[PDB]
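This document opens with one chain alone, in structure tokens, the form deposited in one PDB entry.
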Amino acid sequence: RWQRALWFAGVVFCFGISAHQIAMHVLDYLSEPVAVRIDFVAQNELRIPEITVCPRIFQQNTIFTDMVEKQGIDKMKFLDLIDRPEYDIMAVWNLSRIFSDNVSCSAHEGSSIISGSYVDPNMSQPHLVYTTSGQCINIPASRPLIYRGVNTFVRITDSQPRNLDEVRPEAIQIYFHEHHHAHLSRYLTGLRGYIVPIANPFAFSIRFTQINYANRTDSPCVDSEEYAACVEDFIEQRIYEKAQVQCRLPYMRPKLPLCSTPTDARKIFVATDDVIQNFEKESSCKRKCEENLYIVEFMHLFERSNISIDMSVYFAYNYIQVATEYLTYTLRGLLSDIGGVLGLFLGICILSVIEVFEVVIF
């Protein structure tokens, strides 16, 4: 009774201590595990985010509210200008304009020992976009900026004449983001942007972090473009289902008309306001792989001019911190681990498997 019974016991022990661990290794593979590798990549040419600069929100704007109060309207019912033959929705939104046509931007990438800074005026020029904050100015910042030392920046200058006639602005909402995601400019500039003064010139410094997520089956990516498409589609469709008025405001894509009547424009504005606060929760689409983080510090550097808005965005660090999460347990790893845990507990190794198969086939 001793010999073969003990052999059976000691062989089933090994079989069950190998099958359990093979199941654990294959059960640790179905649940995609991800580990983050971080790197500091030195950039020769940096990818400038494309800036949107806005006035403060309509009620906080110092220029828009001036006309609104001059027409008998208050900082609340500013959408009451629409029920007026001389004021349509576009006109009311051209009132918030604080950026004269002389707005421009240049790239200062490098410095000379003789000349000074290297000025490159001919690059992506700003254009006028309509945003929940009003009529804003969008800076495409499309071409890559060659990194030459800490004095590698972009200067946005609006040289308008402050010939005192009417009250003029006090601060601007800056927003750094990516391109063709036309909901970042037109919906989320008044939420994600920095409210900074334009009384005197100011400077930013942007460091870049890049978080890359794994497109694993239990948490799928979409890519920035599809994420923006989904987010904007949800934002607009929810705004329409919530306002229950088939029309739109200047910050929305021209799907349908502008309803030049205050009552159903207030509905659209309120629906936008209460739909853009919570769309990360209520939108059924998922994390971008590439998430770009713009660590924006403020620089007390030396340059003063006599112009309305003098903005500088510095890119003085070419080392981008990239944190990428990757599948730490592949199929090759799983198969090798099964082979090791089965050859450590049984000793049969593929070749023995082939020999056994040949014996079975005789």
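Take the two forms, find the largest set of C-alpha atoms that superpose within 1.5 Å, and that set is the rigid core. For every residue, the number given is its place in the sequence shown, counted from 1.
What comes next is about the form deposited in another entry, which does not appear here.
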Practice task
After fitting the rigid core, tell me which of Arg97, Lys242, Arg266, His179 has its Cα displaced by at least 2 Å between this form and the one not shown.
Solution key: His179
Handout entry: Post core alignment: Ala35 C-alpha displaced by 2 Å or more between this form and the one not shown
Key = no
Practice task
Spell out whether the Cα of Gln59 moves at least 2 Å between this form and the one not shown when the two forms are superposed on their rigid core.
Solution key: no
Handout entry: Yes/no, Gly116 Cα shift of 2 Å or more between this form and the one not shown with rigid core fixed
Key = yes
